[PDB]
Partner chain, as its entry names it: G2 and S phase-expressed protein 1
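The chain below stands alone and is given as structure tokens, in the form deposited without the partner chain.
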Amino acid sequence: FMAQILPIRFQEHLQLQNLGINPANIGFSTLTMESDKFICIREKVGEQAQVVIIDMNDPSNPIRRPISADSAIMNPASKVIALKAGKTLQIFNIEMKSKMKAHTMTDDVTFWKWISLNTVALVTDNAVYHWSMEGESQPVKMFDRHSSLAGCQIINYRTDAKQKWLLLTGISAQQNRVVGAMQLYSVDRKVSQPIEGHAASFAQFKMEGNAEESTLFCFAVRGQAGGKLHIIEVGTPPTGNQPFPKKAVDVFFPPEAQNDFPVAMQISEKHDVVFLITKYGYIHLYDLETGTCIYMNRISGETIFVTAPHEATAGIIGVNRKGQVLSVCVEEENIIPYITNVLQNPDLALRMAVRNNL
């Protein structure tokens, strides 16, 4: 019944192979998408190393520049790029065709990522630094890496809005299993907590009855105990707030997907919904407040290896290994009809409408 309406809208935005991108470079090590504004691909044509920048507001005319770097990450908001070659890092102002700042590390940077409009996070074998793109400041060590991540492939680093809660995520192969290892660091308490988790995000959420927002930490994992999603308040609640009750729910995998697991998460600020993407290309939607599973479906035939918030829709945008750039967001006119008549959850239908953010 009502099978024709979904609580989501799926969109295809681009096919990178139609823009002259070699499929061999559509992957984690060579393609970055730090926000929904740009995609950056490192390619080698002949023996000329090149960087291709796709402006998502003008994607038919990508810029191909012969530059040699081990990694390239566009700023989330500005026409600014960070480039790395060996231990040397440089940030460039593209519009002004000028170098902004540079720094030479002592230890190799194995993973890096913009965490804000002006700060890039650097991960070495044993520590995590934050580096502002402004002024003269060098990178600042934020914390030392926990031993539980030793030997992991680092796959993500992200923070809460106030950059007081920092999360490093790695994976490792244990026999034929992919095991997630996370390090949650409190800047104020100077304490680390190891967590078995595969994908995660932070969110700000205003509880009914509270005047101030709660800082939530959501992570998903598939371990020996199966698929689980947790939603937790981190830190001391703002003065006057009631604490957010911890939520824990199952993450479902069908019998033919015993080897699937979570790989990406983004949270809608507007709709208080968690988007979870699995290795096999499934998307799940969960209510942030309760963890209720709203929707699941396989939306990609190829693995989606990078995601970002999709600002205009408060959704999630991602690139899959074939070069499809795709997004999922809440369908604002159909989600409450779906919850009412397919999920048959009038509590959630009511709570959603009361939030009145559709």
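Definition used throughout: the rigid core is the maximal C-alpha set that superposes within 1.5 Å between two forms. Positions refer to the first chain, counted from 1.
There is also a form solved in complex with the partner chain; it is not shown, and the following applies to it.
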Between the partner chain and 253, 280 and 299, in the bound PDB entry, does every residue show a non-hydrogen atom at 4.5 Å or closer? no
Listed residue that, although the partner chain is not shown, lies within 4.5 Å of it in the bound PDB entry (heavy atoms), from 266, 156, 183, 75: 183
Looking at 165, 205, 111, 244, which is the one with a non-hydrogen atom within 4.5 Å of the partner chain in the bound PDB entry? 165
Based on heavy atom distances of 4.5 Å or less, which listed stretch (189 to 197, 282 to 290, 256 to 264, 116 to 124) is in contact with the partner chain in the bound PDB entry? 189 to 197
Contact test in the bound PDB entry: residue 232 vs the partner chain, heavy atoms, 4.5 Å: yes
Looking in the bound PDB entry, any heavy atom of residue 129 within 4.5 Å of the partner chain? no
Should residue 275 be counted as a contact of the partner chain in the bound PDB entry, where contact means heavy atoms within 4.5 Å? no
Can residue 144 be called a contact residue for the partner chain in the bound PDB entry at 4.5 Å between heavy atoms? yes
Could you pull out the residues of 203 to 222 that have any heavy atom within 4.5 Å of the partner chain in the bound PDB entry? 217, 219
At a 2 Å cut-off on C-alpha positions, does residue 135 qualify as shifted between the shown form and the other one after fitting the rigid core? yes
